[PDB]
Every structure is written in structure tokens, then in C-alpha cells.
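Text of coords_39.pdb (PDB, C-alpha atoms) as supplied:
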```pdb
ATOM      1  CA  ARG A   4     114.443  93.375  93.485
ATOM      2  CA  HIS A   5     111.837  96.239  93.451
ATOM      3  CA  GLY A   6     112.417  99.620  95.148
ATOM      4  CA  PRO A   7     110.793 100.883  98.373
ATOM      5  CA  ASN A   8     107.775 102.544  96.674
ATOM      6  CA  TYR A   9     106.737  99.461  94.610
ATOM      7  CA  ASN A  10     104.194  97.921  97.001
ATOM      8  CA  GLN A  11     102.256 101.185  97.530
ATOM      9  CA  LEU A  12     102.419 102.052  93.809
ATOM     10  CA  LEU A  13     101.037  98.571  92.905
ATOM     11  CA  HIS A  14      98.319  99.129  95.571
ATOM     12  CA  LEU A  15      97.474 102.508  93.995
ATOM     13  CA  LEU A  16      97.450 101.122  90.443
ATOM     14  CA  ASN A  17      95.224  98.260  91.641
ATOM     15  CA  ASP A  18      92.892 100.819  93.190
ATOM     16  CA  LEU A  19      92.807 102.761  89.916
ATOM     17  CA  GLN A  20      92.168  99.726  87.721
ATOM     18  CA  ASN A  21      89.383  98.553  90.038
ATOM     19  CA  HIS A  22      87.606 101.933  90.169
ATOM     20  CA  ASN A  23      84.253 102.067  88.413
ATOM     21  CA  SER A  24      85.362 104.975  86.233
ATOM     22  CA  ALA A  25      88.528 103.250  84.992
ATOM     23  CA  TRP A  26      87.148 101.222  82.054
ATOM     24  CA  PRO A  27      87.988 103.761  79.268
ATOM     25  CA  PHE A  28      91.586 103.888  80.498
ATOM     26  CA  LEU A  29      92.419 100.210  81.072
ATOM     27  CA  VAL A  30      94.115  99.598  77.683
ATOM     28  CA  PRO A  31      95.563 101.701  74.847
ATOM     29  CA  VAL A  32      93.167 103.194  72.322
ATOM     30  CA  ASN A  33      93.114 101.062  69.113
ATOM     31  CA  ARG A  34      94.018 103.180  66.036
ATOM     32  CA  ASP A  35      91.936 100.729  63.954
ATOM     33  CA  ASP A  36      88.860 101.879  65.958
ATOM     34  CA  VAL A  37      89.799 105.580  66.573
ATOM     35  CA  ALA A  38      91.678 106.748  63.453
ATOM     36  CA  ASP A  39      92.666 110.219  64.598
ATOM     37  CA  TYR A  40      93.557 109.459  68.221
ATOM     38  CA  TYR A  41      97.317 109.211  67.702
ATOM     39  CA  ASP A  42      97.356 112.321  65.543
ATOM     40  CA  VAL A  43      95.831 114.295  68.429
ATOM     41  CA  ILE A  44      97.529 112.606  71.411
ATOM     42  CA  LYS A  45     101.318 112.745  71.087
ATOM     43  CA  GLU A  46     102.207 110.981  74.359
ATOM     44  CA  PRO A  47      99.581 108.268  74.924
ATOM     45  CA  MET A  48      99.229 106.474  78.245
ATOM     46  CA  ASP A  49      96.887 103.939  79.819
ATOM     47  CA  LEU A  50      96.713 101.850  83.014
ATOM     48  CA  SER A  51      97.967  98.582  81.406
ATOM     49  CA  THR A  52     101.030 100.342  80.054
ATOM     50  CA  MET A  53     101.572 101.867  83.517
ATOM     51  CA  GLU A  54     101.337  98.325  84.972
ATOM     52  CA  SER A  55     104.084  97.090  82.600
ATOM     53  CA  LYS A  56     106.273 100.108  83.361
ATOM     54  CA  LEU A  57     105.788  99.632  87.105
ATOM     55  CA  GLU A  58     106.865  95.993  86.734
ATOM     56  CA  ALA A  59     109.950  97.123  84.788
ATOM     57  CA  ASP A  60     111.016  99.478  87.621
ATOM     58  CA  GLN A  61     110.363 102.671  85.638
ATOM     59  CA  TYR A  62     108.627 104.383  88.597
ATOM     60  CA  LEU A  63     111.142 105.064  91.364
ATOM     61  CA  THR A  64     109.094 107.773  93.097
ATOM     62  CA  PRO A  65     105.357 108.407  93.341
ATOM     63  CA  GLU A  66     106.132 111.507  91.291
ATOM     64  CA  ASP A  67     107.207 109.339  88.334
ATOM     65  CA  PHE A  68     103.974 107.333  88.580
ATOM     66  CA  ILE A  69     101.778 110.436  88.966
ATOM     67  CA  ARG A  70     103.273 111.997  85.808
ATOM     68  CA  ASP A  71     101.997 109.009  83.732
ATOM     69  CA  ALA A  72      98.601 109.009  85.505
ATOM     70  CA  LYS A  73      98.311 112.731  84.669
ATOM     71  CA  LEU A  74      98.985 111.920  80.984
ATOM     72  CA  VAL A  75      96.065 109.448  81.098
ATOM     73  CA  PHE A  76      93.693 112.081  82.518
ATOM     74  CA  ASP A  77      95.032 115.063  80.532
ATOM     75  CA  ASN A  78      95.057 113.133  77.224
ATOM     76  CA  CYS A  79      91.458 112.149  77.848
ATOM     77  CA  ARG A  80      90.487 115.769  78.501
ATOM     78  CA  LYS A  81      92.376 116.947  75.399
ATOM     79  CA  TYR A  82      90.738 114.437  73.062
ATOM     80  CA  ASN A  83      87.237 114.687  74.574
ATOM     81  CA  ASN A  84      85.224 117.871  74.930
ATOM     82  CA  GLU A  85      84.530 119.517  78.263
ATOM     83  CA  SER A  86      81.445 118.119  80.054
ATOM     84  CA  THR A  87      81.327 114.899  78.003
ATOM     85  CA  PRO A  88      81.120 111.520  79.794
ATOM     86  CA  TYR A  89      84.781 110.584  79.317
ATOM     87  CA  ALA A  90      86.022 113.973  80.544
ATOM     88  CA  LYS A  91      83.903 113.466  83.670
ATOM     89  CA  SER A  92      85.311 109.963  84.135
ATOM     90  CA  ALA A  93      88.862 111.346  83.954
ATOM     91  CA  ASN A  94      87.972 113.980  86.561
ATOM     92  CA  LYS A  95      86.439 111.356  88.864
ATOM     93  CA  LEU A  96      89.362 108.952  88.545
ATOM     94  CA  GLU A  97      91.979 111.667  89.122
ATOM     95  CA  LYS A  98      90.145 112.909  92.217
ATOM     96  CA  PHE A  99      90.003 109.354  93.526
ATOM     97  CA  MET A 100      93.709 108.851  92.809
ATOM     98  CA  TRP A 101      94.564 111.866  94.970
ATOM     99  CA  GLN A 102      92.273 110.682  97.812
ATOM    100  CA  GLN A 103      94.257 107.397  97.853
ATOM    101  CA  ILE A 104      97.676 109.161  97.699
ATOM    102  CA  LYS A 105      96.758 111.499 100.591
ATOM    103  CA  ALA A 106      96.084 108.393 102.753
ATOM    104  CA  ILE A 107      99.729 107.179 102.391
ATOM    105  CA  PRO A 108     101.751 108.820 105.216
ATOM    106  CA  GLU A 109     105.143 108.648 103.420
ATOM    107  CA  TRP A 110     103.531 110.547 100.504
ATOM    108  CA  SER A 111     102.306 113.576 102.546
ATOM    109  CA  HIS A 112     104.702 115.842 100.564
ATOM    110  CA  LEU A 113     102.698 115.291  97.342
ATOM    111  CA  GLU A 114     100.011 117.683  96.091
ATOM    112  CA  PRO A 115      97.916 118.044  92.912
TER     113      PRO A 115
END
```

What would the structure in this file look like if it were written as C-alpha cells?
Amino acid sequence: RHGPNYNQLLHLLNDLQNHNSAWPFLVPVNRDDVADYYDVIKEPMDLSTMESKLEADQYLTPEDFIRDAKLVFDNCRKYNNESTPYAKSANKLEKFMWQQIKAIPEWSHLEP
């Protein structure tokens, strides 16, 4: 049923969700708690939404998956100031994501 990249993409998403820096990114921001978030961030993304999209076969290539992961990290660095804790968390999680990708032989063509 799923395409050839599904197992490694689920492995990567599992790695992301289990990383110690991932907590701020596990679920969508709640507008009831952060009133201006969806005025600032036009294309929101989070790891639970990525999980649902992966299940629905929206990621055919690692490139499709990485584009959504980049939204997670870039949105966080747009909303939060440089050098603040959440910007640092986004930097740490993105760096970890790329360490994991570089370890997958079939994904050697990919680069940040």
C-alpha cells in the first residue's frame, strides 16, 4: 500500500518526535493560547500533522518530507527571536534530522 520511502520516513519521523528538543513541535500551536501565531505564520506545520500526512501517502520522496520539516524549523525561527530557547531547539532538531538523513544510503543525494 505505501511507497518505497515510507519505512525510512516513518523511522525518521519517529526519531524526530523522540528527540529531546522536539516537544515545542509535537502538535499545532493553539490559537486560543497564542493569539497572533496564525497571523504571523502563513503555512503552519508540526510533527503530528506530518505524521498524518505521511500516513496519507503525501510524502513520496524524502524531499517532500524535508520541505514540511523545514517549515516547522523556519516557522519557529520566524516567530521566535534569534538566540531564544525555541530558536535554539529548532536549530538542534534540524541538525539532528540531517545527521539521521545522511546515515540512509539511498538518501546520499540529499543536502541541506

Original post:
Can you find the residues with an atom no farther than 9 Å from (96.0, 112.7, 96.3), counting all atoms listed in the file, and report them as a VMD selection string?
Top reply: chain A and resid 97 to 106 110 to 111 113 to 115

Produce a file of the selected residues containing C-alpha atoms, as an mmCIF file, in the coordinates of the input.
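Printed below is out-v6.cif as written:
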```cif
data_model
loop_
_atom_site.group_PDB
_atom_site.id
_atom_site.type_symbol
_atom_site.label_atom_id
_atom_site.label_comp_id
_atom_site.auth_asym_id
_atom_site.auth_seq_id
_atom_site.Cartn_x
_atom_site.Cartn_y
_atom_site.Cartn_z
ATOM 1 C CA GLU A 97 91.979 111.667 89.122
ATOM 2 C CA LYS A 98 90.145 112.909 92.217
ATOM 3 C CA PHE A 99 90.003 109.354 93.526
ATOM 4 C CA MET A 100 93.709 108.851 92.809
ATOM 5 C CA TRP A 101 94.564 111.866 94.970
ATOM 6 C CA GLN A 102 92.273 110.682 97.812
ATOM 7 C CA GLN A 103 94.257 107.397 97.853
ATOM 8 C CA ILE A 104 97.676 109.161 97.699
ATOM 9 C CA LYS A 105 96.758 111.499 100.591
ATOM 10 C CA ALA A 106 96.084 108.393 102.753
ATOM 11 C CA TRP A 110 103.531 110.547 100.504
ATOM 12 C CA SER A 111 102.306 113.576 102.546
ATOM 13 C CA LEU A 113 102.698 115.291 97.342
ATOM 14 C CA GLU A 114 100.011 117.683 96.091
ATOM 15 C CA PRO A 115 97.916 118.044 92.912
#
```

**OP:** Take the PyMOL selection byres ((chain A and resi 46) around 12), apply it to the structure above, and return the hits as an NGL selection string.
**Re:** :A and (31 or 40-45 or 47-49 or 70-79 or 81)

Selection from above, C-alpha atoms, as an mmCIF file, in the coordinates of the input, can you write it?
```cif
data_model
loop_
_atom_site.group_PDB
_atom_site.id
_atom_site.type_symbol
_atom_site.label_atom_id
_atom_site.label_comp_id
_atom_site.auth_asym_id
_atom_site.auth_seq_id
_atom_site.Cartn_x
_atom_site.Cartn_y
_atom_site.Cartn_z
ATOM 1 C CA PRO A 31 95.563 101.701 74.847
ATOM 2 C CA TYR A 40 93.557 109.459 68.221
ATOM 3 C CA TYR A 41 97.317 109.211 67.702
ATOM 4 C CA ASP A 42 97.356 112.321 65.543
ATOM 5 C CA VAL A 43 95.831 114.295 68.429
ATOM 6 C CA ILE A 44 97.529 112.606 71.411
ATOM 7 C CA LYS A 45 101.318 112.745 71.087
ATOM 8 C CA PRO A 47 99.581 108.268 74.924
ATOM 9 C CA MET A 48 99.229 106.474 78.245
ATOM 10 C CA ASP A 49 96.887 103.939 79.819
ATOM 11 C CA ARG A 70 103.273 111.997 85.808
ATOM 12 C CA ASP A 71 101.997 109.009 83.732
ATOM 13 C CA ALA A 72 98.601 109.009 85.505
ATOM 14 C CA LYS A 73 98.311 112.731 84.669
ATOM 15 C CA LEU A 74 98.985 111.920 80.984
ATOM 16 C CA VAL A 75 96.065 109.448 81.098
ATOM 17 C CA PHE A 76 93.693 112.081 82.518
ATOM 18 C CA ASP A 77 95.032 115.063 80.532
ATOM 19 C CA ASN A 78 95.057 113.133 77.224
ATOM 20 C CA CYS A 79 91.458 112.149 77.848
ATOM 21 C CA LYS A 81 92.376 116.947 75.399
#
```

Subject >> Long-range neighbours of residue 4 (chain A) as a ChimeraX atom specification, 12 Å cut-off, all atoms listed in the file, 4 positions minimum in chain >> reply: /A:8-10,58-60

**OP:** Work out how far apart CA of residue 23 (chain A) and CA of residue 89 (chain A) are and give it in Å to one decimal.
**Re:**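 A separation of 12.5 Å between them.
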
Near residue 92 (chain A), counting only C-alpha atoms, which residues have an atom at most 9 Å away, once you skip same-chain residues fewer than 6 positions from it, shown as an mmCIF file with C-alpha atoms, in the frame of the given file?
```cif
data_model
loop_
_atom_site.group_PDB
_atom_site.id
_atom_site.type_symbol
_atom_site.label_atom_id
_atom_site.label_comp_id
_atom_site.auth_asym_id
_atom_site.auth_seq_id
_atom_site.Cartn_x
_atom_site.Cartn_y
_atom_site.Cartn_z
ATOM 1 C CA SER A 24 85.362 104.975 86.233
ATOM 2 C CA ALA A 25 88.528 103.250 84.992
ATOM 3 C CA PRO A 27 87.988 103.761 79.268
ATOM 4 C CA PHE A 76 93.693 112.081 82.518
#
```

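For the residues A:86, A:94, A:33, A:55, ranking by smallest atom-to-atom distance to residue 16 (chain A) using only C-alpha atoms places A:55 first.
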
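Put simply, CA of residue 91 (chain A) is 27.5 Å away from CA of residue 64 (chain A).
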
Subject >> Atom pair CA of residue 7 (chain A) / CA of residue 26 (chain A): separation (Å) >> reply: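 CA of residue 26 (chain A) lies at a distance of 28.7 Å from CA of residue 7 (chain A).
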
**OP:** Find the residue from A:84, A:54, A:32, A:96 that sits nearest to residue 19 (chain A); use only C-alpha atoms when measuring.
**Re:**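 Closest to residue 19 (chain A), using only C-alpha atoms: A:96.
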
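Using all atoms listed in the file, the nearest neighbour of residue 82 (chain A) within the list A:11, A:17, A:39, A:28 is A:39.
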
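Closest approach to residue 52 (chain A) among A:20, A:30, A:93, A:6 is made by A:30 (distances from only C-alpha atoms).
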
Box for region 58-63 of chain A - axis-aligned, 6 Å on each of the six sides, all listed atoms - centre and size in Å to one decimal, as lines of an AutoDock Vina configuration file.
```
center_x = 109.0
center_y = 100.5
center_z = 88.1
size_x = 16.3
size_y = 21.1
size_z = 18.6
```
